[PDB]
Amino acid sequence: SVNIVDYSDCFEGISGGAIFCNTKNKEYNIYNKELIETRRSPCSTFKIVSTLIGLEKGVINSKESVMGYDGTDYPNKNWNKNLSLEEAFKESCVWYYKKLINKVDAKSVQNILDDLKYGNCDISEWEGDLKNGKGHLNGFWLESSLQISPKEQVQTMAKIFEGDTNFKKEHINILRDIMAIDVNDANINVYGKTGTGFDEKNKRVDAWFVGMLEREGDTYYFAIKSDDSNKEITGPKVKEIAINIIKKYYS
């Protein structure tokens, strides 16, 4: 049941698209089909998968797990501490997740992405987009070789959270816990992660909010994506749009 829908009023003039999928009744709701099928860098939404990779390989073990902060100075106050998994996920702490993933061999990551059908599964540029000058604050998931479409994001979220992967249930529940967000509506449970990048080649943002919604027995897996040319459009802004869509059409 694939419905093409018009969520444009919630996008308040920003270029983008949305896809919501309920796998129980296979009701696919799509705004801007062309964009929803286009692969792009996942940016910080990759933290959903890298958290699971780290748990499966034992690099981390719980919401409390630390990565051994070494005292390096960062402009974000909250990166300058021995933060837990839960805090690094919510702060999108790049050094924590870079150190995590660099403890994992490339073959293991390749095979996990292949199993998840995670877009092009292209980790060939492991170091990331070094031409931006940011050095070790870079990786294959940040405007680099790995690309995934919004529709594929939803398919991956569904496989993970419906229990259809080999990841341990314990590890899925840790991810659920740390992705939960507060939308000031107790009648829906929303979970997700933002991502922000700028596509230098095409001069457009990659601004993401990916996650799931639970509303009384029904679950929707969703991905909201902007490709606007305005650099002010970030992941957090697209999360605002996503929340407005959820409150208008999914309450």
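Counting begins at 1, following the sequence as shown.
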Pick between 137-145 and 177-185: the one whose mean CA B-factor in the entry is higher. 177-185
Comparing 58-66 with 201-209, the one whose average Cα B-factor in the PDB entry is higher: 201-209
Here the Cα B-factor of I30, set against its chain, lands in the third termed highest
CA B-factor ranking of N80, expressed as a third of its chain: lowest
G217's Cα B-factor: lowest, middle or highest third of the chain? highest
For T72, does the deposited CA B-factor place it in the lowest, middle or highest third of the chain? lowest
Determine, from the deposited record, the chain-internal third of the Cα B-factor for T51: lowest, middle or highest. lowest
